[PDB]
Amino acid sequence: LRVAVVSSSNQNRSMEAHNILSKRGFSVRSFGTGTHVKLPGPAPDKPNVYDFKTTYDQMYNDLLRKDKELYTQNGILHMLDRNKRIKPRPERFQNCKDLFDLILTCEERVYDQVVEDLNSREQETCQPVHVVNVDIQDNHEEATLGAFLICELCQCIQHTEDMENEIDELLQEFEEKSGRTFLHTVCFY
């Protein structure tokens, strides 16, 4: 099963999921749909902002200079270090051209962006890609929980006889079990 997990900044929710999925033997890529990369800063209305062209390592060193203490405390240096060990920089979804079976998004705004993007690409094959949303809050704890739920979902899907025929029934079970809503659509390659 070829999965993509997509968040806004490709820093937290999608990377936690990339890490768990990758470790559990899935073929996974991860992306962000945001215009730019956002990291928490000294106050909720003072995030740090970067271009997508900037390396996790560059962000690490930038934050290590700014306030070694704050960014050790709020787990951001550790997150950046984890990220670096996966790949060198965050990736924009709208820039990639890879094929997936299943695209999981980590909030409805990201779902909308993924759908807008794929629906504006010319279909050449008409091969479907399933896009599923789960709203995950952008903090380390919810990211971890969200990643394990995503892993559970991907596990189920992998055990099913026929993914397209059973995925909606599976998502409905996951809604009832988790109390969280799973938007589900298809786009076409």
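All residue numbers are counted from 1 along the displayed sequence.
**Q** Could you check which stretch, 129-137 or 62-70, carries the larger mean CA temperature factor in the entry?
**A** Here the higher of the two C-alpha B-factor means belongs to 62-70.
**Q** Which has higher Cα B-factors on average according to the PDB entry: 110-118 or 71-79?
**A** Stretch with the greater average CA B-factor: 71-79.
**Q** In the PDB entry, which of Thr55, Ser27, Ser30, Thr144 has its C-alpha at the highest B-factor?
**A** Out of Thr55, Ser27, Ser30, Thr144, the record gives the largest C-alpha B-factor to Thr55.
**Q** Highest Cα B-factor in the PDB entry belongs to which of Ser178, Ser9, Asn19, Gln172?
**A** So the option with the highest C-alpha B-factor is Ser178.
**Q** Comparing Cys96 with the other modelled residues of its chain, is its CA B-factor in the lowest, middle or highest third?
**A** Within its chain, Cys96 is a highest-third residue by C-alpha B-factor, going by the deposited values.
**Q** With respect to C-alpha B-factor, does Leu149 fall in the lowest, middle or highest third of the chain as deposited?
**A** Middle third.
**Q** Can you tell me whether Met163 has a C-alpha B-factor in the lowest, middle or highest third compared with the other modelled residues of the same chain?
**A** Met163: CA B-factor falls in the lowest third of its chain.
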